[PDB]
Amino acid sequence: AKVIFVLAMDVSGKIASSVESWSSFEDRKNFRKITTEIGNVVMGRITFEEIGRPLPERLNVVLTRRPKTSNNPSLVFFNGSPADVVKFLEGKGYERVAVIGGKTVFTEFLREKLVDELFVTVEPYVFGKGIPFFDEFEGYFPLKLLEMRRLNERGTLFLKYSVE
């Protein structure tokens, strides 16, 4: 399956800050549309706790070293490496895997080179402080821009890159 990263950030590359509601209405609807199409989302435990509940119409895979039994078929607490995660979803018939976050989770998939496309939303802000897209890692990735789209009047931008 191909791995797709889905994230929103400010112009400086941060995925979280203390700025209230900087995430646009448009990015939120675009996010639901994209991830439901893919049919699954892989996230870190901390990101799951912030969302608070499983996202509807999608298989929610939550990474945690303290797996918890689940009563919901669309919620799975998983203890494994990025590679293990991809194998598990592939075994479910998914062609694409949507990794939606946790700086920690983005970092792990990057260190392991498991990323084929980046669906990036750039919100019109500059945050002086915040949580970076990922922690330092050796190497880099050349990209190719597949699509660019303005999502609203203020300038929220949706970019789609393929990893070369």
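Note that residue numbering begins at 1 and tracks the sequence as displayed.
For the pair 119-127 and 46-54, the mean Cα B-factor is higher in 46-54. 67-75 and 87-95 differ in mean CA B-factor, and the higher of the two is recorded for 67-75. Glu138: CA B factor in the highest third of modelled residues in this chain (values from the PDB entry). In the PDB entry, a CA B factor belonging to the middle third of its chain's modelled residues is recorded for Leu145. For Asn152, the recorded CA temperature factor ranks within the middle third of the chain's modelled residues. In the deposited entry, the Cα temperature factor of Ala8 sits in the bottom third of values across the chain's modelled residues. Among all modelled residues in its chain, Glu37 ranks in the highest third by Cα B-factor.
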